[PDB]
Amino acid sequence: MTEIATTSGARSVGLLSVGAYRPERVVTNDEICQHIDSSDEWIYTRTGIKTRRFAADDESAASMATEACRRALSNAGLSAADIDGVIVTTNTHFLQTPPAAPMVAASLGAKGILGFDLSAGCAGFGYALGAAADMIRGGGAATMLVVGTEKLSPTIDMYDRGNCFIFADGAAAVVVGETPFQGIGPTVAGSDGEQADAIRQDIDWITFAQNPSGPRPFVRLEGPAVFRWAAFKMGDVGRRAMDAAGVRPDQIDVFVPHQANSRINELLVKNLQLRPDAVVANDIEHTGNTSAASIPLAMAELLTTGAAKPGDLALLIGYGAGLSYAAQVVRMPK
């Protein structure tokens, strides 16, 4: 007997810019491996990693996230004032509450804008990019900041001969806003719950809290299970992303898969049938697996080098913990 208004926002949205932040401390394979039993070679050939960046003690995912935003905003040619919202996506904010998002907002000068934390393993960014495009088109925001941020350092077990050499630290954000032409395709996402513990924190925080004498919680990865999963499944997930975007594989300019493993991403490239000249993201060689921050960071590295250029038609594929996956086709920012 009484109507709730139906509204709408702008129909064309894109990645206005990207802005990266990588902590200054460089951690070679020799440093990493000398505390287990391995070698430079052994790590390089199984993963693709050479060096990785670890954050300083006083740095957090929120701090790094703040610095990332500032740069995206700078690159987008905008102030904090132009932003209606921030989505902080991450798995390494070490407080149950308050959420990182508002803190990131306050640091920027836009104290009062909307914002939340989003958790979907490594594929968080994919879901965040996704959620922002839907919110702008819905008419609940005109311009937004989405930031992938991570400080995985303190979570690594230095005695874990499987994954201590994998995870690293950093942040990178995109300004999502209205563009003349459609810049972000429809989100393609899904997951696999049976295999949740493939990538996990081994002990919950409260169980750890109630029994201090036990072992502390560290990150644990089941290599073969996660390799197999991503390597043989994300190809089709990649095809759907382009299916929804109305784009043929021959037309993909830039391939940004999550930087978990160079061997995984090598297999996905053959599988996806791209041009022989398609620019594959390989930021992992000097960044490592920065989880939810991988793709945006990876975008900026391709951008920094020139291998990718603003407007290039990019396939973004994210896969990781929870066994989650979120892909879209996008145009390149900056």
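Numbering starts at 1 and runs along the sequence shown.
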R275, C-alpha B-factor rank within chain (lowest, middle or highest third)
middle
If you rank every modelled residue in this chain by C-alpha B factor, which third holds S39: lowest, middle or highest?
highest
Is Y159 in the lowest, middle or highest third of its chain when residues are ranked by C-alpha B-factor?
highest
Splitting the chain's C-alpha B-factors into thirds, which one does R240 fall into?
middle
Sorting the chain's modelled residues by C-alpha B-factor and splitting them into thirds places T179 in the lowest
